[PDB]
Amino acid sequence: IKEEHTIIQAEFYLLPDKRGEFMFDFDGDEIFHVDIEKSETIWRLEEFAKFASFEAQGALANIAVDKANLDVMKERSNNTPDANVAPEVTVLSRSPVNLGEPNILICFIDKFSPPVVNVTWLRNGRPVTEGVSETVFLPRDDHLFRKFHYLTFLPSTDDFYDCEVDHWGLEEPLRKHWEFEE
């Protein structure tokens, strides 16, 4: 037998937003990330917590280095920025959709940078703020990021959904539509 895997420690610090991030990825999925402001390790799946631990302070220390380093890089490049790269957005259900059976809609935001985005779930044109969740900015093989936003929903033919995504690289917000269709 053979066990082929990849573990990645991904971290960044962004200006002028002053936002940092520290996470671990296993074969493309997030193991955990550290809530930089609260200094706490957030596991992607609750069950993971009983098998390991991670001292959040190590991530904070690394991000502190990244922040110092960013100033050095800005100085070295004479503050020459790059263009904003807009994301691709896709909406799909997590499981086969059956009327009246709870399901989850996934809004997959991909291939973009900088790692900052505004996302709004809409059900029948109205923002939904309950039963929603999101991942942090996840690494890709290249220099770009991806992210997942989720919405719990109850399949019905009277509804239609939209995932609206805004990014500094888009002319106008992008609104992706989704509706049940057996």
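Only the largest set of C-alpha atoms that superpose within 1.5 Å between the two forms is called the rigid core. So that there is no doubt, residue numbering starts at 1 and follows the sequence shown.
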Once the rigid core is matched, which of the two stretches, 93-101 or 75-83, lies farther off on average in 4 other deposited structures of this protein by C-alpha?
75-83
Which of 116-124 and 144-152 has higher mean CA B factor, as the PDB entry lists it
116-124
Going by the mean C-alpha B-factor recorded in the entry, which is higher: 61-69 or 35-43?
35-43
How does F160 rank on Cα B-factor within its chain, lowest, middle or highest third?
highest
Test of reading the entry: by CA B factor among the chain's modelled residues, which third contains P16?
middle
For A49, does the deposited CA B-factor place it in the lowest, middle or highest third of the chain?
highest
Going by the recorded CA B-factors, say which third of the chain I104 sits in, lowest, middle or highest.
lowest
